[PDB]
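In this chain, numbering begins with 1 at the start of the sequence shown.
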Amino acid sequence: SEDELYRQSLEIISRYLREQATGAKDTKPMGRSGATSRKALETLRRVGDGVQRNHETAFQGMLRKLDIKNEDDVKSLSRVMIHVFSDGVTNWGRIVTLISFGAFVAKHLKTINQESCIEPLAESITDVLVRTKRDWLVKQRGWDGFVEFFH
Ligand SMILES: CCc1sc2ncnc(N[C@H](Cc3ccccc3)C(=O)O)c2c1-c1cccc(Cl)c1C
Ligand SMILES: [Mg+2]
């Protein structure tokens with residue numbers, strides 16, 4: 001892991017999904033550019049919470065269709081995310097939608113007592129994001145670009 005973008009992405013996305021599922025903020029320290037990661041996480045909270053509230057019926061509809069019951073079902077979610085996310089256009093709107101839906105699924109995992117699947121889902125979403133949109137993210141200045149875009 002000589003890959004700061006992946007590490008920083010995994011930290012932000014893992015922390016968001018964990019706090020959304022449990023309702024508790026994580027007090028573990030951030031790594032390297034914590035100042036950016038902290039601002040990105042605060043942005044994700046405002047915009048990601050907005051997406052889940054505004055599009056609740058759509059998210060509930062997709063969740064019902066995916067019938068998530070365990071680690072096996074979370075693994076096939078990953079494959080749907082590459083098809084849906086990777087085959088469409090790239091912008092922070094779609095990236096926030098992917099992560100927001102991750103957080104929605106994370107709350108479901110906590111509701112069905114499968115908390116152990118939240119960290120793997122976060123890894124899977126981070127993999128989709130950084131593996132498929134690497135050059136776009138670097139061109140946009142990564143999570144610094146994310147913070148700046150949402151003011
Ligand atoms: C597999 C679920 C995913 S992953 C993903 N990543 C990026 N964008 C997505 N959907 C938007 C359309 C949309 C925006 C807001 C709310 C609902 C849909 C896109 O493709 O541009 C999606 C959807 C996805 C795709 C279709 C429906 C639903 Cl509910 C989701 C969560
Ligand atoms: Mg919007």
Take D26 and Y16, measure what side chain to side chain contact (heavy atoms under 4.5 Å, CB included) needs, and give me the verdict at the end.
CA-CA 9 Å; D26 192 67; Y16 187 53; over 6 Å; no

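- For the residue pair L5 and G142, the shortest heavy atom distance occurs at CD1-CA, 4.5 Å.
- Distance check: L129 CG to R94 CZ gives 11.5 Å after rounding to the nearest 0.5 Å.
- Considering OG1 of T90 and CD of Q140, their distance stands at 9.5 Å, rounded to 0.5 Å.
- Surrounding CD of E42 are more than 12 heavy atoms belonging to other residues, nucleotides or ligands, all under 6.0 Å away.
- Among all heavy-atom pairs drawn from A106 and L121, the shortest one is N-CD2, 4.1 Å.
- Judged purely by distance below 3.5 Å, without hydrogens or angles, the side chains of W143 and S37 never pair a donor atom with an acceptor atom.
- Side-chain contact annotation: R18 with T22, donor-acceptor N/O pair under 3.5 Å absent.
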Could you walk me through whether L44 and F146 pass the side chain to side chain contact (heavy atoms under 4.5 Å, CB included) test, one step at a time?
CA-CA 9 Å; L44 248 194; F146 176 83; 4.1 Å; yes

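- Open room surrounds NZ on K39; 12 or fewer heavy atoms of other groups in view lie less than 6.0 Å from it.
- For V74 against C117, the heavy-atom pair with the smallest separation is CG2-CB, 4.0 Å.
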Could you walk me through whether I99 and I12 pass the side chain to side chain contact (heavy atoms under 4.5 Å, CB included) test, one step at a time?
CA-CA 10 Å; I99 296 168; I12 295 165; over 6 Å; no

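- Looking only at distances, a side-chain donor or acceptor of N70 sits under 3.5 Å from a matching main-chain atom of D73.
- No side-chain heavy atom of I118 sits less than 4.5 Å from a side-chain heavy atom of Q20.
- When all heavy atoms of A103 and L17 are compared, the closest pair comes out as N-CD1, 3.7 Å.
- For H108 (side chain) and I68 (main-chain N/O), a donor-acceptor pair under 3.5 Å exists by modelled atom type.
- Around atom CG of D135, no more than 12 heavy atoms belonging to other residues, nucleotides or ligands sit under 6.0 Å away.
- Side-chain N/O atoms of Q52 and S100 include no donor and acceptor closer than 3.5 Å.
- Under the 3.5 Å distance criterion, the side-chain polar atoms of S124 are left unmatched by any main-chain donor or acceptor of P120.
- Residues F104 and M62 are not in side-chain contact: their nearest non-hydrogen atoms beyond the backbone lie 4.5 Å or more apart.
- Inter-residue side-chain proximity for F85 and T97 is flagged as unmet; no heavy-atom pair is nearer than 4.5 Å.
- Here the side chain of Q114 pairs a donor or acceptor atom with the backbone of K69 at under 3.5 angstrom.
- Contact check on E19 versus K25 returns no salt bridge, with no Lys/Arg side-chain nitrogen under 4.0 Å from an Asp/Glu carboxylate oxygen.
- In this structure, the separation between CZ on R64 and CD on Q60 is 9.0 Å, given to the nearest 0.5 Å.
- Rounding to the nearest 0.5 angstrom, the gap separating the CE atom in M81 from the CZ atom in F101 is 6.5 Å.
- Here the side chains of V47 and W92 are not in contact, with every heavy-atom distance at 4.5 Å or above.
- In this structure, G88 and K133 approach most closely via the heavy-atom pair O-NZ, 3.4 Å.
- Listed for the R7 side chain is no donor-acceptor partner under 3.5 Å among the backbone atoms of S1.
- For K139, there are no salt bridge (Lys or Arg N to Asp or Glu O under 4.0 Å) partners, not counting sequence neighbours.
- The CG atom of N54 sits 10.5 Å away from the CG atom of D49 when rounded to the nearest 0.5 Å.
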Determine, stepwise, if the pair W136 / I95 fulfils side chain to side chain contact (heavy atoms under 4.5 Å, CB included).
CA-CA 11 Å; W136 186 94; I95 290 170; 3.5 Å; yes

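- The line from OG1 of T43 to CZ of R38 is 13.5 Å long, rounded to the nearest 0.5 Å.
- Considering all non-hydrogen atoms of both residues, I13 and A122 come closest at CG2-O, 4.0 Å.
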